[PDB]
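Listing of input_29.pdb; format and content: PDB, C-alpha atoms.
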ATOM      1  CA  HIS D   8      65.834 110.678  97.811  1.00  0.00           C
ATOM      2  CA  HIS D   9      64.978 107.200  99.223  1.00  0.00           C
ATOM      3  CA  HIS D  10      67.492 104.317  99.240  1.00  0.00           C
ATOM      4  CA  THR D  11      67.617 101.358 101.605  1.00  0.00           C
ATOM      5  CA  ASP D  12      71.411 101.607 101.818  1.00  0.00           C
ATOM      6  CA  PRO D  13      72.517 104.465 104.095  1.00  0.00           C
ATOM      7  CA  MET D  14      75.882 104.650 102.348  1.00  0.00           C
ATOM      8  CA  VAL D  15      74.145 105.391  99.044  1.00  0.00           C
ATOM      9  CA  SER D  16      71.898 107.951 100.784  1.00  0.00           C
ATOM     10  CA  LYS D  17      74.932 109.813 102.067  1.00  0.00           C
ATOM     11  CA  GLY D  18      76.346 110.408  98.562  1.00  0.00           C
ATOM     12  CA  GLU D  19      73.076 111.058  96.840  1.00  0.00           C
ATOM     13  CA  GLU D  20      72.247 113.708  99.401  1.00  0.00           C
ATOM     14  CA  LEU D  21      75.193 115.944  98.332  1.00  0.00           C
ATOM     15  CA  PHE D  22      74.141 115.833  94.645  1.00  0.00           C
ATOM     16  CA  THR D  23      70.321 116.149  95.025  1.00  0.00           C
ATOM     17  CA  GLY D  24      70.041 119.536  93.329  1.00  0.00           C
ATOM     18  CA  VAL D  25      72.085 121.900  91.141  1.00  0.00           C
ATOM     19  CA  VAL D  26      75.650 122.176  92.473  1.00  0.00           C
ATOM     20  CA  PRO D  27      77.983 125.063  91.512  1.00  0.00           C
ATOM     21  CA  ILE D  28      81.321 124.020  90.026  1.00  0.00           C
ATOM     22  CA  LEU D  29      84.696 125.753  89.947  1.00  0.00           C
ATOM     23  CA  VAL D  30      87.539 124.411  87.803  1.00  0.00           C
ATOM     24  CA  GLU D  31      91.155 125.577  88.068  1.00  0.00           C
ATOM     25  CA  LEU D  32      93.863 124.293  85.808  1.00  0.00           C
ATOM     26  CA  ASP D  33      97.517 125.229  85.776  1.00  0.00           C
ATOM     27  CA  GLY D  34      99.240 123.910  82.687  1.00  0.00           C
ATOM     28  CA  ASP D  35     102.605 123.723  81.007  1.00  0.00           C
ATOM     29  CA  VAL D  36     102.814 122.249  77.502  1.00  0.00           C
ATOM     30  CA  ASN D  37     106.264 122.235  75.883  1.00  0.00           C
ATOM     31  CA  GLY D  38     107.064 125.185  78.166  1.00  0.00           C
ATOM     32  CA  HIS D  39     103.986 127.267  77.240  1.00  0.00           C
ATOM     33  CA  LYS D  40     102.535 128.039  80.673  1.00  0.00           C
ATOM     34  CA  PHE D  41      98.829 128.716  80.854  1.00  0.00           C
ATOM     35  CA  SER D  42      95.919 128.751  83.262  1.00  0.00           C
ATOM     36  CA  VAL D  43      92.238 128.053  82.763  1.00  0.00           C
ATOM     37  CA  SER D  44      89.366 128.913  85.049  1.00  0.00           C
ATOM     38  CA  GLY D  45      85.901 127.480  84.658  1.00  0.00           C
ATOM     39  CA  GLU D  46      82.545 128.095  86.343  1.00  0.00           C
ATOM     40  CA  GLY D  47      79.196 126.418  85.941  1.00  0.00           C
ATOM     41  CA  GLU D  48      76.667 124.045  87.429  1.00  0.00           C
ATOM     42  CA  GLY D  49      76.098 120.291  87.639  1.00  0.00           C
ATOM     43  CA  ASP D  50      72.808 118.413  87.958  1.00  0.00           C
ATOM     44  CA  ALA D  51      73.503 114.740  88.663  1.00  0.00           C
ATOM     45  CA  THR D  52      69.747 113.926  88.447  1.00  0.00           C
ATOM     46  CA  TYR D  53      69.950 114.361  84.673  1.00  0.00           C
ATOM     47  CA  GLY D  54      73.652 113.683  84.296  1.00  0.00           C
ATOM     48  CA  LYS D  55      74.045 117.268  83.082  1.00  0.00           C
ATOM     49  CA  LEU D  56      76.973 119.702  83.243  1.00  0.00           C
ATOM     50  CA  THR D  57      77.096 123.254  81.970  1.00  0.00           C
ATOM     51  CA  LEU D  58      80.455 125.021  82.171  1.00  0.00           C
ATOM     52  CA  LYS D  59      82.236 128.006  80.717  1.00  0.00           C
ATOM     53  CA  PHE D  60      86.048 128.006  80.689  1.00  0.00           C
ATOM     54  CA  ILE D  61      88.363 130.985  80.198  1.00  0.00           C
ATOM     55  CA  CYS D  62      92.042 130.992  79.498  1.00  0.00           C
ATOM     56  CA  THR D  63      93.222 133.583  82.013  1.00  0.00           C
ATOM     57  CA  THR D  64      96.760 133.911  80.653  1.00  0.00           C
ATOM     58  CA  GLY D  65      95.775 134.954  77.129  1.00  0.00           C
ATOM     59  CA  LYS D  66      95.538 132.600  74.132  1.00  0.00           C
ATOM     60  CA  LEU D  67      95.291 128.911  74.954  1.00  0.00           C
ATOM     61  CA  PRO D  68      98.358 127.172  73.423  1.00  0.00           C
ATOM     62  CA  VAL D  69      96.566 123.879  72.708  1.00  0.00           C
ATOM     63  CA  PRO D  70      93.117 123.254  71.216  1.00  0.00           C
ATOM     64  CA  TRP D  71      90.185 123.418  73.650  1.00  0.00           C
ATOM     65  CA  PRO D  72      88.816 119.961  72.676  1.00  0.00           C
ATOM     66  CA  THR D  73      92.034 118.327  73.935  1.00  0.00           C
ATOM     67  CA  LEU D  74      91.224 119.548  77.453  1.00  0.00           C
ATOM     68  CA  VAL D  75      87.592 118.395  77.684  1.00  0.00           C
ATOM     69  CA  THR D  76      88.291 115.112  79.511  1.00  0.00           C
ATOM     70  CA  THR D  77      90.708 116.888  81.891  1.00  0.00           C
ATOM     71  CA  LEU D  78      88.489 119.904  82.726  1.00  0.00           C
ATOM     72  CA  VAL D  80      83.934 115.845  87.078  1.00  0.00           C
ATOM     73  CA  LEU D  81      82.414 112.391  86.874  1.00  0.00           C
ATOM     74  CA  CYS D  82      80.570 112.753  90.146  1.00  0.00           C
ATOM     75  CA  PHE D  83      77.809 114.451  88.106  1.00  0.00           C
ATOM     76  CA  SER D  84      77.109 111.261  86.167  1.00  0.00           C
ATOM     77  CA  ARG D  85      73.579 109.975  86.346  1.00  0.00           C
ATOM     78  CA  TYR D  86      73.566 106.526  87.921  1.00  0.00           C
ATOM     79  CA  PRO D  87      70.245 104.690  87.498  1.00  0.00           C
ATOM     80  CA  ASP D  88      68.591 103.650  90.753  1.00  0.00           C
ATOM     81  CA  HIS D  89      69.518 100.006  90.347  1.00  0.00           C
ATOM     82  CA  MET D  90      73.183 100.960  89.884  1.00  0.00           C
ATOM     83  CA  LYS D  91      73.601 103.499  92.686  1.00  0.00           C
ATOM     84  CA  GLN D  92      75.667 101.048  94.740  1.00  0.00           C
ATOM     85  CA  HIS D  93      78.314 101.306  92.003  1.00  0.00           C
ATOM     86  CA  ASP D  94      78.830 105.084  92.189  1.00  0.00           C
ATOM     87  CA  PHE D  95      82.386 105.451  93.462  1.00  0.00           C
ATOM     88  CA  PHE D  96      82.586 109.121  92.540  1.00  0.00           C
ATOM     89  CA  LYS D  97      79.842 110.380  94.831  1.00  0.00           C
ATOM     90  CA  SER D  98      80.731 107.921  97.628  1.00  0.00           C
ATOM     91  CA  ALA D  99      84.134 109.592  97.979  1.00  0.00           C
ATOM     92  CA  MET D 100      82.522 113.002  98.754  1.00  0.00           C
ATOM     93  CA  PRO D 101      82.792 115.429 100.422  1.00  0.00           C
ATOM     94  CA  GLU D 102      86.470 114.678 101.145  1.00  0.00           C
ATOM     95  CA  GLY D 103      86.943 113.928  97.465  1.00  0.00           C
ATOM     96  CA  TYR D 104      89.123 111.918  95.201  1.00  0.00           C
ATOM     97  CA  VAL D 105      92.234 112.262  93.112  1.00  0.00           C
ATOM     98  CA  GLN D 106      91.934 111.701  89.410  1.00  0.00           C
ATOM     99  CA  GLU D 107      95.238 110.981  87.604  1.00  0.00           C
ATOM    100  CA  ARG D 108      95.629 110.486  83.879  1.00  0.00           C
ATOM    101  CA  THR D 109      98.230 110.020  81.238  1.00  0.00           C
ATOM    102  CA  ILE D 110      96.933 110.941  77.791  1.00  0.00           C
ATOM    103  CA  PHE D 111      98.986 109.785  74.782  1.00  0.00           C
ATOM    104  CA  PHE D 112      98.300 111.616  71.522  1.00  0.00           C
ATOM    105  CA  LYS D 113      99.167 109.200  68.754  1.00  0.00           C
ATOM    106  CA  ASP D 114     102.288 110.333  66.867  1.00  0.00           C
ATOM    107  CA  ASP D 115     102.502 113.329  69.175  1.00  0.00           C
ATOM    108  CA  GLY D 116     103.125 114.306  72.824  1.00  0.00           C
ATOM    109  CA  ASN D 117     101.445 113.328  76.059  1.00  0.00           C
ATOM    110  CA  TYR D 118      99.509 115.043  78.861  1.00  0.00           C
ATOM    111  CA  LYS D 119     100.090 114.011  82.529  1.00  0.00           C
ATOM    112  CA  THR D 120      97.320 115.306  84.774  1.00  0.00           C
ATOM    113  CA  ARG D 121      96.590 115.188  88.458  1.00  0.00           C
ATOM    114  CA  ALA D 122      93.424 116.609  89.881  1.00  0.00           C
ATOM    115  CA  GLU D 123      91.749 116.873  93.286  1.00  0.00           C
ATOM    116  CA  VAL D 124      87.962 116.891  93.126  1.00  0.00           C
ATOM    117  CA  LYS D 125      86.306 117.848  96.406  1.00  0.00           C
ATOM    118  CA  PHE D 126      83.792 120.186  98.033  1.00  0.00           C
ATOM    119  CA  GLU D 127      84.802 123.619  99.410  1.00  0.00           C
ATOM    120  CA  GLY D 128      81.623 124.553 101.233  1.00  0.00           C
ATOM    121  CA  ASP D 129      78.777 124.027  98.793  1.00  0.00           C
ATOM    122  CA  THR D 130      80.999 124.357  95.701  1.00  0.00           C
ATOM    123  CA  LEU D 131      82.456 121.328  93.920  1.00  0.00           C
ATOM    124  CA  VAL D 132      86.055 122.220  92.999  1.00  0.00           C
ATOM    125  CA  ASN D 133      88.232 120.482  90.446  1.00  0.00           C
ATOM    126  CA  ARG D 134      91.857 121.646  90.825  1.00  0.00           C
ATOM    127  CA  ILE D 135      94.169 120.345  88.127  1.00  0.00           C
ATOM    128  CA  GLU D 136      97.845 120.403  87.257  1.00  0.00           C
ATOM    129  CA  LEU D 137      98.711 119.436  83.700  1.00  0.00           C
ATOM    130  CA  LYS D 138     102.167 118.816  82.219  1.00  0.00           C
ATOM    131  CA  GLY D 139     102.505 118.177  78.510  1.00  0.00           C
ATOM    132  CA  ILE D 140     105.750 117.108  76.892  1.00  0.00           C
ATOM    133  CA  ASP D 141     107.129 115.823  73.590  1.00  0.00           C
ATOM    134  CA  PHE D 142     104.602 117.645  71.350  1.00  0.00           C
ATOM    135  CA  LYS D 143     105.478 118.426  67.744  1.00  0.00           C
ATOM    136  CA  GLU D 144     105.377 122.114  66.833  1.00  0.00           C
ATOM    137  CA  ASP D 145     103.878 121.270  63.435  1.00  0.00           C
ATOM    138  CA  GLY D 146     101.505 118.639  64.773  1.00  0.00           C
ATOM    139  CA  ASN D 147      97.760 118.706  65.128  1.00  0.00           C
ATOM    140  CA  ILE D 148      97.817 119.917  68.747  1.00  0.00           C
ATOM    141  CA  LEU D 149     100.361 122.778  68.797  1.00  0.00           C
ATOM    142  CA  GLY D 150      99.378 123.547  65.181  1.00  0.00           C
ATOM    143  CA  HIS D 151      95.659 123.912  66.102  1.00  0.00           C
ATOM    144  CA  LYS D 152      94.336 121.618  63.404  1.00  0.00           C
ATOM    145  CA  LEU D 153      91.514 120.050  65.429  1.00  0.00           C
ATOM    146  CA  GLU D 154      87.925 120.865  64.730  1.00  0.00           C
ATOM    147  CA  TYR D 155      85.918 122.547  67.493  1.00  0.00           C
ATOM    148  CA  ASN D 156      83.620 119.633  68.289  1.00  0.00           C
ATOM    149  CA  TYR D 157      83.498 116.428  70.255  1.00  0.00           C
ATOM    150  CA  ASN D 158      82.328 112.866  69.644  1.00  0.00           C
ATOM    151  CA  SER D 159      80.090 110.799  71.922  1.00  0.00           C
ATOM    152  CA  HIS D 160      82.028 108.096  73.728  1.00  0.00           C
ATOM    153  CA  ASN D 161      81.338 105.106  76.131  1.00  0.00           C
ATOM    154  CA  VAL D 162      83.981 104.432  78.804  1.00  0.00           C
ATOM    155  CA  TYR D 163      84.442 101.177  80.772  1.00  0.00           C
ATOM    156  CA  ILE D 164      84.991 101.606  84.546  1.00  0.00           C
ATOM    157  CA  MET D 165      86.661  98.855  86.621  1.00  0.00           C
ATOM    158  CA  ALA D 166      87.398  98.595  90.324  1.00  0.00           C
ATOM    159  CA  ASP D 167      90.925  98.513  91.586  1.00  0.00           C
ATOM    160  CA  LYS D 168      90.405  96.769  94.937  1.00  0.00           C
ATOM    161  CA  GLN D 169      94.083  97.024  95.876  1.00  0.00           C
ATOM    162  CA  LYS D 170      94.027 100.833  95.708  1.00  0.00           C
ATOM    163  CA  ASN D 171      90.448 101.196  96.969  1.00  0.00           C
ATOM    164  CA  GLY D 172      89.724 103.000  93.726  1.00  0.00           C
ATOM    165  CA  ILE D 173      88.881 102.671  90.038  1.00  0.00           C
ATOM    166  CA  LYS D 174      90.694 102.502  86.800  1.00  0.00           C
ATOM    167  CA  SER D 175      89.821 103.080  83.148  1.00  0.00           C
ATOM    168  CA  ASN D 176      91.562 103.012  79.798  1.00  0.00           C
ATOM    169  CA  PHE D 177      89.867 104.419  76.726  1.00  0.00           C
ATOM    170  CA  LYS D 178      90.409 106.185  73.409  1.00  0.00           C
ATOM    171  CA  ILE D 179      89.103 109.610  72.387  1.00  0.00           C
ATOM    172  CA  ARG D 180      88.967 110.413  68.648  1.00  0.00           C
ATOM    173  CA  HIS D 181      89.465 114.098  67.814  1.00  0.00           C
ATOM    174  CA  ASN D 182      88.330 115.219  64.362  1.00  0.00           C
ATOM    175  CA  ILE D 183      91.021 117.014  62.326  1.00  0.00           C
ATOM    176  CA  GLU D 184      90.043 119.818  59.952  1.00  0.00           C
ATOM    177  CA  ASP D 185      90.952 117.670  56.946  1.00  0.00           C
ATOM    178  CA  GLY D 186      88.474 114.884  57.802  1.00  0.00           C
ATOM    179  CA  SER D 187      91.015 112.628  59.491  1.00  0.00           C
ATOM    180  CA  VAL D 188      91.236 111.745  63.218  1.00  0.00           C
ATOM    181  CA  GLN D 189      93.701 112.323  66.030  1.00  0.00           C
ATOM    182  CA  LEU D 190      93.631 109.509  68.599  1.00  0.00           C
ATOM    183  CA  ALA D 191      94.127 110.294  72.286  1.00  0.00           C
ATOM    184  CA  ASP D 192      94.710 107.148  74.440  1.00  0.00           C
ATOM    185  CA  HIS D 193      93.672 107.796  78.054  1.00  0.00           C
ATOM    186  CA  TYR D 194      94.769 105.891  81.156  1.00  0.00           C
ATOM    187  CA  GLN D 195      92.986 106.921  84.322  1.00  0.00           C
ATOM    188  CA  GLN D 196      93.075 106.009  87.967  1.00  0.00           C
ATOM    189  CA  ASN D 197      90.988 107.461  90.803  1.00  0.00           C
ATOM    190  CA  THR D 198      91.630 107.086  94.514  1.00  0.00           C
ATOM    191  CA  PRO D 199      89.839 108.524  97.539  1.00  0.00           C
ATOM    192  CA  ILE D 200      91.295 111.400  99.518  1.00  0.00           C
ATOM    193  CA  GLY D 201      89.592 110.369 102.737  1.00  0.00           C
ATOM    194  CA  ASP D 202      90.086 107.182 104.691  1.00  0.00           C
ATOM    195  CA  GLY D 203      86.403 106.292 105.073  1.00  0.00           C
ATOM    196  CA  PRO D 204      84.797 103.497 103.088  1.00  0.00           C
ATOM    197  CA  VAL D 205      83.845 103.961  99.458  1.00  0.00           C
ATOM    198  CA  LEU D 206      81.682 102.074  97.026  1.00  0.00           C
ATOM    199  CA  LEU D 207      83.798  99.894  94.781  1.00  0.00           C
ATOM    200  CA  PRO D 208      81.824  99.223  91.615  1.00  0.00           C
ATOM    201  CA  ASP D 209      81.238  96.182  89.522  1.00  0.00           C
ATOM    202  CA  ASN D 210      82.393  96.655  85.944  1.00  0.00           C
ATOM    203  CA  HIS D 211      80.125  99.069  84.055  1.00  0.00           C
ATOM    204  CA  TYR D 212      80.268 101.895  81.517  1.00  0.00           C
ATOM    205  CA  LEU D 213      79.549 105.602  81.292  1.00  0.00           C
ATOM    206  CA  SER D 214      77.921 107.030  78.160  1.00  0.00           C
ATOM    207  CA  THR D 215      79.002 110.596  77.430  1.00  0.00           C
ATOM    208  CA  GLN D 216      77.989 113.297  75.036  1.00  0.00           C
ATOM    209  CA  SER D 217      79.527 116.754  74.851  1.00  0.00           C
ATOM    210  CA  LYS D 218      78.601 119.860  72.887  1.00  0.00           C
ATOM    211  CA  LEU D 219      81.050 122.747  72.465  1.00  0.00           C
ATOM    212  CA  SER D 220      80.032 126.310  71.740  1.00  0.00           C
ATOM    213  CA  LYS D 221      81.157 129.925  71.966  1.00  0.00           C
ATOM    214  CA  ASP D 222      79.745 132.879  73.824  1.00  0.00           C
ATOM    215  CA  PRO D 223      79.243 135.581  71.152  1.00  0.00           C
ATOM    216  CA  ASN D 224      79.868 138.427  73.654  1.00  0.00           C
ATOM    217  CA  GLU D 225      83.090 136.981  75.083  1.00  0.00           C
ATOM    218  CA  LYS D 226      86.388 138.401  73.864  1.00  0.00           C
ATOM    219  CA  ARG D 227      88.660 136.189  75.925  1.00  0.00           C
ATOM    220  CA  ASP D 228      89.726 132.763  74.608  1.00  0.00           C
ATOM    221  CA  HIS D 229      87.053 130.450  76.075  1.00  0.00           C
ATOM    222  CA  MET D 230      84.967 127.321  75.625  1.00  0.00           C
ATOM    223  CA  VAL D 231      81.346 126.729  76.579  1.00  0.00           C
ATOM    224  CA  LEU D 232      80.611 123.100  77.388  1.00  0.00           C
ATOM    225  CA  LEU D 233      77.427 121.096  77.747  1.00  0.00           C
ATOM    226  CA  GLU D 234      78.012 117.507  78.879  1.00  0.00           C
ATOM    227  CA  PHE D 235      75.689 114.576  79.571  1.00  0.00           C
ATOM    228  CA  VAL D 236      77.018 111.484  81.301  1.00  0.00           C
ATOM    229  CA  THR D 237      74.957 108.376  82.184  1.00  0.00           C
ATOM    230  CA  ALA D 238      75.957 105.095  83.707  1.00  0.00           C
ATOM    231  CA  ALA D 239      74.818 101.878  82.126  1.00  0.00           C
ATOM    232  CA  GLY D 240      75.640  98.274  81.559  1.00  0.00           C
ATOM    233  CA  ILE D 241      74.182  96.483  84.562  1.00  0.00           C
ATOM    234  CA  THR D 242      70.725  95.066  83.760  1.00  0.00           C
TER     235      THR D 242
END
For this file, produce the structure as structure tokens.
Amino acid sequence: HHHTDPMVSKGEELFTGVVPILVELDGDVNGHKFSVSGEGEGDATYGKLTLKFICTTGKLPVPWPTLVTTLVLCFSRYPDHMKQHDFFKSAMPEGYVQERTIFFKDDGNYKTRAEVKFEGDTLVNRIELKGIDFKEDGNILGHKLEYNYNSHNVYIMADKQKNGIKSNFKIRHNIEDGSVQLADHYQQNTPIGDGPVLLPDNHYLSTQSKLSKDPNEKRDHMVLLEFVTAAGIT
């Protein structure tokens, strides 16, 4: 609402209230083609997301928790003293590309590319996902993961050469038998536009996610509440 840096003001202004979100994913995992649509709202003031996702092609062929990181970090809450480090909002409204490779230990990998940008007043995240080399009897295609999600801190670093950011981090998915399925993420983000962006000092994001079901919904779906806060600069 009041920042002495006009570049920060420009990005904050687009995220000042509740912003509607649309998520589209087209996926192919070991030749099972599927699509997911999601709708909800983001409130960057509190770092809060609320989304509901539907598999529009029938039953989702992989477990919903494996898609949480893939299915909008511009809604992170950056403390006032860290707002000059917020790459994600500084790239708006033209947006950014978010690319990942996700390696599931002892199993296959996801390769994702997403464009995150405004269409009018709506923040859209449009994703293509390709998954290969998964085991039919593994934890992913065998749906052995529990329907829950662990809190996680992720380290963000600038990539000055690409005018973007980079991160590598591990997600632990609980398996029904009490064990864990590791998912190693590599991520890079680059701006879509050619204007300047804020390139951050090293810092981390703290995330927490809660998964639930809509008791009146017959389609395969996931309801997601996420909180993300930046930290690590004193």
Once the PyMOL selection byres ((chain D and resi 92) around 8) has been evaluated on this model, what residues remain selected, and can you format them as a PyMOL selection string? chain D and resi 15+89-91+93-94+206+208
Which of these, D:167, D:48, D:115, D:127, has the shortest distance to residue 144 of chain D once you count all atoms listed in the file?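 Closest residue, counting all atoms listed in the file: D:115.
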Can you tell me which residues surround residue 39 of chain D at a distance of at most 9 Å, considering all atoms listed in the file, apart from same-chain residues fewer than 4 positions away, and format the answer as a list in words? residues 34, 35 and 68 of chain D
Determine, counting only C-alpha atoms, which protein, DNA and RNA residues have an atom within 9 Å of an atom of residue 134 of chain D; residues of the same chain fewer than 2 positions away are not included. Present the result as a compact mmCIF listing (two decimals) with C-alpha atoms, keeping the file's coordinate frame.
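Final output, saved to selection_12.txt:
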# COMPACT_ATOMS: atom_id res chain seq x y z
CA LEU D 29 84.70 125.75 89.95
CA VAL D 30 87.54 124.41 87.80
CA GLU D 31 91.16 125.58 88.07
CA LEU D 32 93.86 124.29 85.81
CA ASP D 33 97.52 125.23 85.78
CA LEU D 78 88.49 119.90 82.73
CA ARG D 121 96.59 115.19 88.46
CA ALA D 122 93.42 116.61 89.88
CA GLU D 123 91.75 116.87 93.29
CA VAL D 124 87.96 116.89 93.13
CA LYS D 125 86.31 117.85 96.41
CA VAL D 132 86.06 122.22 93.00
CA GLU D 136 97.84 120.40 87.26
Close residues, residue 100 of chain D itself excluded, 12 Å, only C-alpha atoms, min 5 positions apart in chain, as a PyMOL selection string: chain D and resi 14-22+81-83+94-95+105+123-132+198-206
Could you write out the selected residues, including C-alpha atoms, as a PDB file, in the frame of the given file?
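Once written, again-v5.pdb looks like this:
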ATOM      1  CA  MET D  14      75.882 104.650 102.348  1.00  0.00           C
ATOM      2  CA  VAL D  15      74.145 105.391  99.044  1.00  0.00           C
ATOM      3  CA  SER D  16      71.898 107.951 100.784  1.00  0.00           C
ATOM      4  CA  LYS D  17      74.932 109.813 102.067  1.00  0.00           C
ATOM      5  CA  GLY D  18      76.346 110.408  98.562  1.00  0.00           C
ATOM      6  CA  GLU D  19      73.076 111.058  96.840  1.00  0.00           C
ATOM      7  CA  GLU D  20      72.247 113.708  99.401  1.00  0.00           C
ATOM      8  CA  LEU D  21      75.193 115.944  98.332  1.00  0.00           C
ATOM      9  CA  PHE D  22      74.141 115.833  94.645  1.00  0.00           C
ATOM     10  CA  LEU D  81      82.414 112.391  86.874  1.00  0.00           C
ATOM     11  CA  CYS D  82      80.570 112.753  90.146  1.00  0.00           C
ATOM     12  CA  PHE D  83      77.809 114.451  88.106  1.00  0.00           C
ATOM     13  CA  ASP D  94      78.830 105.084  92.189  1.00  0.00           C
ATOM     14  CA  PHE D  95      82.386 105.451  93.462  1.00  0.00           C
ATOM     15  CA  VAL D 105      92.234 112.262  93.112  1.00  0.00           C
ATOM     16  CA  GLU D 123      91.749 116.873  93.286  1.00  0.00           C
ATOM     17  CA  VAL D 124      87.962 116.891  93.126  1.00  0.00           C
ATOM     18  CA  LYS D 125      86.306 117.848  96.406  1.00  0.00           C
ATOM     19  CA  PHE D 126      83.792 120.186  98.033  1.00  0.00           C
ATOM     20  CA  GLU D 127      84.802 123.619  99.410  1.00  0.00           C
ATOM     21  CA  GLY D 128      81.623 124.553 101.233  1.00  0.00           C
ATOM     22  CA  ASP D 129      78.777 124.027  98.793  1.00  0.00           C
ATOM     23  CA  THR D 130      80.999 124.357  95.701  1.00  0.00           C
ATOM     24  CA  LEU D 131      82.456 121.328  93.920  1.00  0.00           C
ATOM     25  CA  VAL D 132      86.055 122.220  92.999  1.00  0.00           C
ATOM     26  CA  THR D 198      91.630 107.086  94.514  1.00  0.00           C
ATOM     27  CA  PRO D 199      89.839 108.524  97.539  1.00  0.00           C
ATOM     28  CA  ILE D 200      91.295 111.400  99.518  1.00  0.00           C
ATOM     29  CA  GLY D 201      89.592 110.369 102.737  1.00  0.00           C
ATOM     30  CA  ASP D 202      90.086 107.182 104.691  1.00  0.00           C
ATOM     31  CA  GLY D 203      86.403 106.292 105.073  1.00  0.00           C
ATOM     32  CA  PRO D 204      84.797 103.497 103.088  1.00  0.00           C
ATOM     33  CA  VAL D 205      83.845 103.961  99.458  1.00  0.00           C
ATOM     34  CA  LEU D 206      81.682 102.074  97.026  1.00  0.00           C
TER      35      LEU D 206
END
